[PDB]
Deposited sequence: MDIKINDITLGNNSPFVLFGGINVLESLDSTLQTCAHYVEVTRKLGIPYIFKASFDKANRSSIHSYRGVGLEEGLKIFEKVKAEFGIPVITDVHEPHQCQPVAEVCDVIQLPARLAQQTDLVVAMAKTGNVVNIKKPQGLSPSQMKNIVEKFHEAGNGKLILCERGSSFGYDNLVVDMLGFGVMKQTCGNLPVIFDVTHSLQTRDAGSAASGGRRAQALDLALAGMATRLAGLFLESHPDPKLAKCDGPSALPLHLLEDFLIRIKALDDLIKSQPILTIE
């Protein structure tokens, strides 16, 4: 099943889409700057692009840590991104009451992995009618993602993306099961599956790692990737696109 996000076609047999941006929104200017870099790089390589940021850092290291610009100002910044660059955007939501106002602006809304079993949040997200990115919890098996999907379907929204972000491996470590992508396609109706390489590595030189992991996941035939930014983003994306184009050219077996 493909999903149309404005003029972008997201699907497991379509050219991969890049989801990327910044961790937390800090100001309009630094956001536009970062977005412009991703736009410039993705445009010249011919890769569809969706800009990602959080308006709120929900898990702060301190009760006094900077939390980001917050919802009202964050939505202003997202509106400016869309106007300046004409691309879709994606953000995460953490409370049911945030879903409707966020969805008025953001093309894709994201269900954080730790909250993926929170029924009130699922229902509120579904009711927006927006495209939803479902982050797979670190402790959920790939074959149980279908139970989340079933909830969203019961709540009336089928525009769902499934997003791998690794599985708990002992204490304080993650592993990515490359067979999970296939299990999720098979059991969830071939909804688009994307790979959050950044969060999959959070516990693991490091640029080489991200590239190896991204290549491995994209070899399994996926709708898209998350990655964070001398020209390392372009060097990564060149290689990713080469592999994606090759894989997408082979008939499915």
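Enquirer: Just jot down which stretches of the deposited chain sequence have no CA coordinates, in the order they come.
Expert: Gaps in the modelled chain, taken against the deposited sequence, lie at 205 to 212, 238 to 253, 278 to 280.
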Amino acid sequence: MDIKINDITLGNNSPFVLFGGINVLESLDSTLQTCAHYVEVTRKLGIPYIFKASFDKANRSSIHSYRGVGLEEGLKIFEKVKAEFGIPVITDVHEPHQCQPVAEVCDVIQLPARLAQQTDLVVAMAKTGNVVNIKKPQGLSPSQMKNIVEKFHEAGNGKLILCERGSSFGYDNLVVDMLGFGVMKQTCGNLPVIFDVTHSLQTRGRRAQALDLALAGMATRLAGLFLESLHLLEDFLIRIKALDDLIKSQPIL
From here on, numbers count along this sequence of modelled residues.
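Enquirer: Mind pulling up the entry and telling me whether 16 to 24 or 237 to 245 has the higher mean Cα temperature factor?
Expert: It is 16 to 24.
Enquirer: Which is higher on mean Cα B factor in this entry, 63 to 71 or 210 to 218?
Expert: If you average the C-alpha B-factors of 210 to 218 and of 63 to 71, the larger mean comes out for 63 to 71.
Enquirer: Take the CA temperature factors straight from the PDB entry and tell me which of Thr187, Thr34, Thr42, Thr198 peaks.
Expert: Out of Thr187, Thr34, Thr42, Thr198, the record gives the largest C-alpha B-factor to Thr34.
Enquirer: Taking the Cα B-factors listed in the entry, which of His153, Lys159, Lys135, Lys80 comes out highest?
Expert: Within the set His153, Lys159, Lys135, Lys80, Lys80 shows the top C-alpha B-factor.
Enquirer: Is the Cα B-factor recorded for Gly46 in the lowest, middle or highest third of its chain?
Expert: It falls in the middle third of the chain.
Enquirer: Can you work out whether the C-alpha temperature factor of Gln100 puts it in the lowest, middle or highest third of the chain?
Expert: Highest third - that is where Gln100 ends up once the chain's C-alpha B-factors are sorted.
Enquirer: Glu164: which third of its chain by C-alpha temperature factor?
Expert: According to the entry, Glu164 has a C-alpha B-factor in the chain's lowest third.
Enquirer: Splitting the chain's C-alpha B-factors into thirds, which one does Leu191 fall into?
Expert: Lowest third, going by the recorded CA B-factors of the chain.
Enquirer: When the deposited Cα B-factors of this chain's modelled residues are ordered and cut into thirds, is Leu227 in the lowest, the middle or the highest one?
Expert: According to the entry, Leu227 has a C-alpha B-factor in the chain's highest third.
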